[PDB]
Structures are given as structure tokens and as C-alpha cells.
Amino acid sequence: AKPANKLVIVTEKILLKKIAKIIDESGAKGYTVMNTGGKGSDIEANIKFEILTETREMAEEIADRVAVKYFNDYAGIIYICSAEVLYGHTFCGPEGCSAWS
């Protein structure tokens, strides 16, 4: 298994493309996005991104860039969880996530 940080961004859908580009620019290998409802008839339609990064610093770069640019004007939350990646050709590279010495 490979150590990973899982960054979650829940925010307004209008920010989809701008947050996707930030993610791409960060060096993150991929991301998952989903339509969600949220509250912070009072529910609103939101999107949630999940991004697995190899380092906490990469996760924080994305979080910091999204927030500084958009979180004054747009609703949002960003949080981070620990995870271990078991399989993922781009995340772990060709030798896989359980390579030996």
C-alpha cells in the first residue's frame, strides 16, 4: 500500500472547471467528482471533489489555491483524511503500490 492524503472539496458547481484546472496544475494524478446536495427546499445543488495525493503538501497546495481564489465569494468546505492506495496505475506507478526493496 502507498500512503495517501485524500482531499475533499465540497463547493458550488459553478466552480467545477476552475477547481479541475487547479487540480491538474497541482501535479495530482487524478480526481473524482460527484454531484451532491448540501446545506451550510433549503438544500442546494453542489459538487464534491475527492483527490488522492502522495503528499500532504500537494493536498494543501490545492486547498490553499481554491480557498484563496474562491472561498470569499463561494460556499465551500475542504477537508483531508488519511488513506492508503492499494491499486492505481497512475498513482503508484508501474511497480504498483506494494513494491518490495
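When you see a residue number, it is the position in the sequence shown, counting from 1. If you superpose the two forms and keep the largest set of C-alpha atoms that fall within 1.5 Å, you have the rigid core.
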| property | result |
| --- | --- |
| Positional deviation of Cα atoms in 5 other deposited structures of this protein after core superposition, greater for 77-85 or 20-28 | 77-85 |
| Other entries modelling both neighbours but not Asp64, at least a third | no |
| Other PDB entries, at least a third, lacking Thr55 | no |
| Count class of coordinate-free deposited residues lying between the neighbours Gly40 and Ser41 | 10 or more |
| Higher-scoring stretch by recorded Cα B factor average, 89-97 or 9-17 | 89-97 |
| Residue range whose averaged C-alpha B-factor is higher in the record, 60-68 or 41-49 | 41-49 |
